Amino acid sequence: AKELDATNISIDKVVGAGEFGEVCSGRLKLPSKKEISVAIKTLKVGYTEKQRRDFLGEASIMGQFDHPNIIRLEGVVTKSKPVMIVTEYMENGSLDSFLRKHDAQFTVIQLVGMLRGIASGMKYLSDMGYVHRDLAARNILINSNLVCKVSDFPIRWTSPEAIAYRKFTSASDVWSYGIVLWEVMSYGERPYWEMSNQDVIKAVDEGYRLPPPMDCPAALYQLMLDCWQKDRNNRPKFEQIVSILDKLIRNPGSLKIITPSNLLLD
């Protein structure tokens, strides 16, 4: 993490509440004098040394990644207070809340573009040996041009083997990605709705899966089912997912084929 000079940071408005303090939007002046929009997280006054370590830990992890679909760390402020993390700004906020405002208003190709971006970011994360463990639409940010980026460095999003015995792998992230795919095509519906956690676990283990979202292309529902294979070795790798979505983008016509209990037994 680059140490930023605090005189280069302006804080304009509060846009959210974080675990360790406020989230704000603002501006950062780069060494080149270019001014960019940024998000700013501040560590709350009177922090404990553990809180400081956990706070800055996110920056340490995020700083290892340089990719168009991973939130960009601009730097940190530690030598003055409040302590701060500064990232690129994403005008349209969290993906799930954004889609909920626009139910059925985007084209399939727009949605597939979002999904391809998320998959590309995950492909790089997994390439780097990072298992996210919290991949969910609420942890994806989306900017003014609808570019989606992985952020946040959860039973409904977690693979059965990770729930069963903490077997977290890039293949359990692929499971989570399948859930994100369902979330996106459902415009931010909650996975498994408000089912009791114990029933989500039992149903999924028994082979039940989320149903196809309204007007969901068959190709995309099949990709969900592939991400949700019980045997994690049968799930696609993220490189394959990116390839699949790139084909659908290249062949928009294929997206026109559309797909007892709420959940379906696969």
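In case it trips you up, residue 1 is the first one in the sequence shown, and so on.
Undergrad: I want to check something about residue 261: across the other compared entries that model its neighbours, is it left unbuilt in at least a third?
TA: Residue status for residue 261: gap in at least one third of the other entries.
Undergrad: In the deposited sequence, how many residues between residue 153 and residue 154 have no modelled coordinates (none, 1 to 3, 4 to 9, 10 or more)?
TA: Per the deposited record, the segment joining residue 153 and residue 154 lacks coordinates for 10 or more residues.
Undergrad: Count of coordinate-less deposited residues separating residue 8 and residue 9, as none, 1 to 3, 4 to 9, or 10 or more?
TA: Count of unmodelled residues in between: none.
Undergrad: Which wins on mean Cα temperature factor, 127 to 135 or 113 to 121?
TA: Taking the mean C-alpha B-factor of 127 to 135 and of 113 to 121, the larger value falls to 127 to 135.
Undergrad: Would 84 to 92 or 172 to 180 have the larger average of its C-alpha temperature factors, as given in the entry?
TA: On average, C-alpha B-factors are higher across 84 to 92.
Undergrad: In the PDB entry, which of 37, 32, 42, 222 has its C-alpha at the highest B-factor?
TA: Result of the comparison over 37, 32, 42, 222: 42.
Undergrad: Is the Cα B-factor recorded for residue 14 in the lowest, middle or highest third of its chain?
TA: According to the entry, residue 14 has a C-alpha B-factor in the chain's highest third.
Undergrad: Per the entry's values, where does residue 64 land by CA temperature factor relative to the rest of its chain, in the lowest, middle or highest third?
TA: Within its chain, residue 64 is a middle-third residue by C-alpha B-factor, going by the deposited values.
Undergrad: Considering only modelled residues of the same chain, in which third does the CA B-factor of residue 79 rank: lowest, middle or highest?
TA: As the PDB entry reports it, the C-alpha B-factor of residue 79 lands in the highest third of its chain.
Undergrad: Using only modelled residues of the chain, where does the Cα B factor of residue 216 rank: lowest third, middle third or highest third?
TA: Highest third, going by the recorded CA B-factors of the chain.
Undergrad: Compare the C-alpha B factor of residue 53 with those of the other modelled residues in its chain, then answer lowest, middle or highest third.
TA: For residue 53, whose C-alpha B-factor we compare with every modelled residue in the chain, the answer is the highest third.
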